[PDB]
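These protein sequence lines map, in sequence, to chains D and J. When you line the first sequence up against PDB author numbering, it's residues -1 to 1014, 1023 to 1090, 1097 to 1282, in that order. Just so we're aligned, residue 3 is where the second sequence starts under PDB author numbering, counting upward by one. Think of the CB as a built atom: it goes at the ideal place given N, C-alpha and C, for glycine as much as any other residue.
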Amino acid sequence: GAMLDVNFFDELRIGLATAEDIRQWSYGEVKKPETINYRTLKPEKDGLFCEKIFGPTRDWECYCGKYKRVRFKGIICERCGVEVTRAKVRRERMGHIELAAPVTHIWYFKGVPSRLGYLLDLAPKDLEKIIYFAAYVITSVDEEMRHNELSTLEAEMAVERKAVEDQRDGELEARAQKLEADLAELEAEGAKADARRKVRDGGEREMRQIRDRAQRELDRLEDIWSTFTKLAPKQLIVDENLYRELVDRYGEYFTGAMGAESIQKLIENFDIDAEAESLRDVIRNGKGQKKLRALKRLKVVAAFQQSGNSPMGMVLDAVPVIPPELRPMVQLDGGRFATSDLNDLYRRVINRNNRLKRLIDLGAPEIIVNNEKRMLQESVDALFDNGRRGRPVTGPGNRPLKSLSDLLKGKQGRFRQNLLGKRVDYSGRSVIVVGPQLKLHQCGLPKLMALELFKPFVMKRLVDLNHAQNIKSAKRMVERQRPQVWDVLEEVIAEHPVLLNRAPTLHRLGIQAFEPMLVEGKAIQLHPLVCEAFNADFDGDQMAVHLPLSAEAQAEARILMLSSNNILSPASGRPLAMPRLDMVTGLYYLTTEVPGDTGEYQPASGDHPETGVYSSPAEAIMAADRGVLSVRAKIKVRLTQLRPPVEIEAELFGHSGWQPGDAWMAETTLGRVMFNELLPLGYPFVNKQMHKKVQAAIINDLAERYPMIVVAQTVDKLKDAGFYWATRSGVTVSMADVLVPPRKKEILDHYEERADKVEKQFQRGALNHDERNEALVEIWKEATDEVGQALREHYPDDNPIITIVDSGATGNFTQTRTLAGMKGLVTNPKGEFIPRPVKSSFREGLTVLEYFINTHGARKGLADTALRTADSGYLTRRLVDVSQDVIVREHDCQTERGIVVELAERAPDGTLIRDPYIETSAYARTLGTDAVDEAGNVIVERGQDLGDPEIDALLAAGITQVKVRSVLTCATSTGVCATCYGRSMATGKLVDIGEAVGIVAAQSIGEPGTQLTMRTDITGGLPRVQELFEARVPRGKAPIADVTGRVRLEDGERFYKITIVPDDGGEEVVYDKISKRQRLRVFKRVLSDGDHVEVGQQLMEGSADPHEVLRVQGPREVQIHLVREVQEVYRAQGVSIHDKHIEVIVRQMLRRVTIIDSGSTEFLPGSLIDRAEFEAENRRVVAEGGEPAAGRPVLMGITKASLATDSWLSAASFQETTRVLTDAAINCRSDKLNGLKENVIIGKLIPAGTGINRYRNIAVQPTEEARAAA
Amino acid sequence: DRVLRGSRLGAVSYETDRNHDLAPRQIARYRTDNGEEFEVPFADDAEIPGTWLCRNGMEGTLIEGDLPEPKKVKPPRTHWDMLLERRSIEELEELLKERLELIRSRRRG
Ligand SMILES: [Mg+2]
Ligand SMILES: [Zn+2]
Ligand SMILES: [Zn+2]
């Protein structure tokens, strides 16, 4: 019911037009190529802007001007013709053109494969001659009347040929009599007979051409009779003169036509069922090229068979007209007029159609008429898709006219260019400054921005306080900025959350919601902790503010996207509100311990007591505020309000030390007590030195064991104490605090002698150039590491630079090595090393040549960072477009399958060394089965969350192989069940039943781009990940095994050739073209000759294509390979991604199965279908007899897998929008509106998060025990 | 750099869409040649012409037989008439009979 357009959609179905549907849509028939009057600027009558068709131009204004009142409504005016209504109906009122002669579509002819040509079984170039009026084609030919006229008109044909032969022999006899006359009138005179033989030869040649021309017209008679006997439908007849011969002699007993109406007659007299059965018989019985052709036609043939849709849609009798508001006839201030280029094409089609109608009522020869038909057909094609066939129609400046299809095609259509994004109201942006007194959920706001933002709210409030009695007075008061608006503005702005966003928005934490508070000034203040999540520096970066309006949207920005409820990154579960550089330096200086400092506790006795002890931290604070104590001494306080560590509390109170009350002694510092009071009351005492890893562990454990509000208040107190002790710590950089190592000249002389010897040996010609450069590279790398060792040995611990480095605040040791020491080696523009190298440090200052050498590497890094940024954006786009449908649907899939987990493999001496990859592989995943240690009891039952205490229990019990339940093995239809996915890391508990895990996975994978350095011919960087998800064959193709047993290591000349000894008794496996660009595989030691191999052991050393490993070891070990292969790349940069994020992508790759046996089930060999359909394929058709359908697992790249989707509306957004529509149009492919890409386009609620029907039909009512209290 | 202004040729009002106290409406019915009704809601105080253009393609007449007037239609420029304006009857008939005599002597022999 797409007439009144109710707000309740179920499906969107695209079909195929008919002339009846078009004339039912239309509100008239445009018949004049007129738009406006040149002087009065009013629309014309029966033109492209005809008001009678496309409604009026002003609100309830008829054209003469009589009826101008809203009391008139829907009343057509007999004087002017129009119906009184709003001017908004010019947006959606349709017109149609009437066509004198039919014209076919351009999409069903020109777009290869030609769908009409496949339907009617013709060549496309030989269909071009039909539809462009250059060849005649016979529609239908009689058979019974032709059958008796075969005999009768063959008698007539023989009689006509006999009369023709009589004419021929009469002409030959007359020419022979003239030849005998030439004989008589040459022979009678006795002269030179050479000229007398010339007239005889001319007469002979004349007789020859007479009989030759007679033979040619006899051949013409034979040809017309032969072709009449060969008369069949779908026969092209070239040479319309010969067609006219067929008309004058054998013009009856058949019907022929020419052109689009001939195609229409052909399709009308075309029953598809007989050709469908014939194609079925051909593909069932035969084989080969004819069977492949029959299948390729049988696609669209069976589509029309299952369809109730007519096959008449290719021809067209009435082009529809787009409403005039979509092609605006705007004018500017200054008499300049602008149109949108469709009016020229429409005007052209109108002119051609009117001229053809005039000629067909006049009566004209067929050359004129068919030339007019041809240019009309070309005009319609130029309207629908300008530039496909021949040449595009251009205009002024020779730009081709943007047709209808270019409003959808490409990057300027209504599938991308208005579906990337749109500008919004209630927005704003400014520069940002640090707000280090704010609480975590707060953010600043300048008043000259917030007044503009909250303008309607403050208008309503200051009307309600009678400062301005009407809205216009309120608006003028706000514009003049009278001083009452601020006291109104605070009350209207309290507890009204706004959003913040910094472009570019990489991942999910890029948009966070904050409660505003007013800031005098011009810059948005910001909490200093969230700059880590926003990736915002303060070099002048600009954030943008939006504003939610509805009660629903304010609820979402208050509960979901609030800044205090996003502490853990969803990629890995590590915190992102952890204190960074400056406060980390503060806490490091606070909690370090210095021996030899003032007022230390010593037990020096026999004369006087210890003089280090203190009764309470209050007394310690008083003493430190005096001159006696330092913060970082070592004392023995008696705490009372801090819970002791577990060992000490077990020693003293056993288990019942309720640390609110009791008292105990501790030999800490003061600073660790002062820092440890910031942590909550239940938390055990720490007593360590607060390196950044330790702070990450503390905040991670705190967020696991405590609520988020406790975590937020704790980390805010941490920020305050961190800044206050950072400014006391005396971190300064001065040139007396950058010490050169005092051994650098000795080190450089010792390496310089070796370099000089190598250069001398190349000077004598003892080696080649690349050996020289390699030896120099090795010498200077050893020298650089030696001087770095000397520097780190020399520097004392309490230096500012090494303190900043060692705390984990920022930087690494290489930057200190360059700042004092040596720069090392600098690369080339190509990427190789310069063998010079730099031997100076930035404290001592470089010289001119060294600065010139350094400039290459600096500029190269500067350009390639932006290049890597663009490529990471591209990768994120592809992954989002693949996995934008995996959302949580059920609660329990209820399977028993699952993957296994390595989990701290057993040592050969025998112990459980903990495996280093557990937090990204084993943490936060539910257990598929139970775990039992040495056939005793179970330790952890099915369904447990598998956190740290379960991990410790399994490790103490001494087991490695658990069988976790996970996605990959999820048995739901679409999307995954909640109990498989495990603990969502952004909450620390189980996921809900609406979470968009696919988009979370895609953003968490694609965000740590721009930190993937490749190396210094096998890919090892970001493009290695890019070819992995595309699953293409890699460059460094190291092959794998195909059977186990011993192997024959074997090398030929300059490239190797290894055969494999089989143990199965089959053919001996032989690998042939092993080039010498690789090395041998090292396993367990080098690959030996006669060494025992596996069925899938990699032969060479490098990479294997996954298609091979799918073919050998099946569908399981590809995923175990593909997870571990990608995850290795991120571990090379110290970046942690949990493996369930990659697990969603690899699940989407293996959805499909190829077809090799269509058998008796409906398919085509070599085609790809979903497994879940293929499961129900051989559960329905195998009832009452199984039918052959052989399926193999196929692994496909992400761009290939996204393209072969099913919701056509989403699929049109990628490429070939003309092609994507034009075959879904044939199949009547109704969409489902179930993904997330399509619901954004048509503006309804997304079916994920607060859009599902569990969470949208919630009824809210007071309880009845509280009803009576009201 | 380049920011312009402009408006389409038309003004916009602001009323309320009440749906009760409308103008009194007569509904008229027309009909094309091919049996196509086109219901035309006029005013109640409105003259009804016998013919009216419709979306069907032609001027559909009234469904009444009250005004059946087919009168004023003719082709003003026929080739025969503009032949008659320049050529006389005896000259044209002489040419006709000469060509008839020629084709009689050609087909007959
Ligand atoms: Mg910046
Ligand atoms: Zn009017
Ligand atoms: Zn599941």
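- Per the coordinates, the alpha-carbon of D/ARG350 lies some 45 Å from the alpha-carbon of J/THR18.
- Within chain J, no C-beta atom comes less than 7 Å from the C-beta of D/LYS828; the nearest is roughly 41 Å away.
- At least one heavy atom of ligand 2 is found less than 8 Å from the C-beta of D/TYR61.
- Restricting attention to D/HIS94, D/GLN479, D/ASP246, the CA atom closest to the CA of D/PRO318 is found in D/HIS94.
- Straight-line measurement puts the Cα of D/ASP8 at about 32 Å from the Cα of J/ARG20.
- Counting the other Cβ atoms within 10 Å of the Cβ of D/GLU1005 gives 16 or more, which makes it buried.
- Note that the stretch 1159 to 1167 of chain D touches the stretch 1187 to 1207 of chain D; at least 3 beta-carbon pairs, one per stretch, sit closer than 8 Å.
- Annotation for D/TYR106: no alpha helix (DSSP H) segment contains it, and DSSP assigns it neither H nor E.
- The alpha-carbon separation between D/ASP1069 and D/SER1100 amounts to approximately 17 Å.
- The DSSP-derived three-state label of J/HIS22 is coil.
- Bridge pairing for D/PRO678: absent [DSSP].
- The Cβ atoms of D/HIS544 and D/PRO514 do not sit closer than 9 Å to each other.
- Annotated three-state conformation of D/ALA99 is coil, per DSSP.
- According to the DSSP assignment, D/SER1222 belongs to the alpha helix (DSSP H) that extends over 1220 to 1223.
- For D/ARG500, the uninterrupted beta strand (DSSP E) segment begins and ends at 496 to 500.
- Residues close to ligand 1 by the beta carbon criterion (under 5 Å to any non-hydrogen atom) are, from first to last along the chain, D/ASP535, D/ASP537, D/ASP539.
- For D/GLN510, the enclosing beta strand (DSSP E) begins and ends at 509 to 514.
- The CB of J/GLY8 comes closer than 7 Å to the CB of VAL328, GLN329, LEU330, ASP331 in chain D, given here in chain order.
- Shortest Cα-Cα distance from D/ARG11 to any of D/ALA861, D/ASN307, D/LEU498 involves D/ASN307.
- Along the stretch 59 to 74 of chain D, going in chain order, the ones with a CB nearer than 9 Å to a CB of chain J are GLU59, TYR65, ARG67, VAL68, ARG69, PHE70, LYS71, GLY72, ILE73, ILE74.
- For D/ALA621, same chain residues with a beta-carbon under 8 Å away, outside a window of 5 residues either side, are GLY597, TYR612, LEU627 in chain order.
- Taking 9 Å as the cut-off, the Cβ atoms of D/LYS371 and D/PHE131 count as close.
- The beta-carbon of D/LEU1010 is placed no less than 9 Å from the nearest beta-carbon of chain J.
- Between the C-alpha atoms of D/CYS441 and D/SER428 there is a straight-line separation of about 13 Å.
- Ordered by chain, the residues meeting the criterion of a beta-carbon within less than 5 Å of a non-hydrogen atom of ligand 3 are D/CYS891, D/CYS968, D/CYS975, D/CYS978.
- Annotation for D/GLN165: the continuous alpha helix (DSSP H) segment containing it runs 142 to 185.
- J/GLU39 is bridged by DSSP to J/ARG33.
- DSSP, read as helix, strand or coil, puts D/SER276 in helix.
- Annotation for D/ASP1103: no beta strand (DSSP E) segment contains it, and DSSP assigns it neither H nor E.
- At a cut-off of 9 Å between beta carbons, J/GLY62 makes no contact with chain D.
- In this structure, the alpha-carbon of D/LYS1082 lies about 5 Å from that of D/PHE1061.
- If you compare the alpha carbons of D/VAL635, D/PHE811, D/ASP605 with that of D/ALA618, the shortest gap goes to D/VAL635.
- For D/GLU27, the number of other beta carbons within 10 angstroms of its own is at least 16, and it is reported as buried.
- Excluding its 5 nearest sequence neighbours in each direction, D/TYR599 has C-beta neighbours in its own chain below 8 Å: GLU608, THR609, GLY610, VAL611, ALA631, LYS632, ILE633, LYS634, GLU665, listed in chain order.
- Nearest to D/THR782 by alpha-carbon distance, out of D/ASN810, D/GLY819, D/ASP754, D/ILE802, is D/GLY819.
- Listed along chain D is no residue with a C-beta nearer than 7 Å to that of J/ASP83; the closest approach is about 15 Å.
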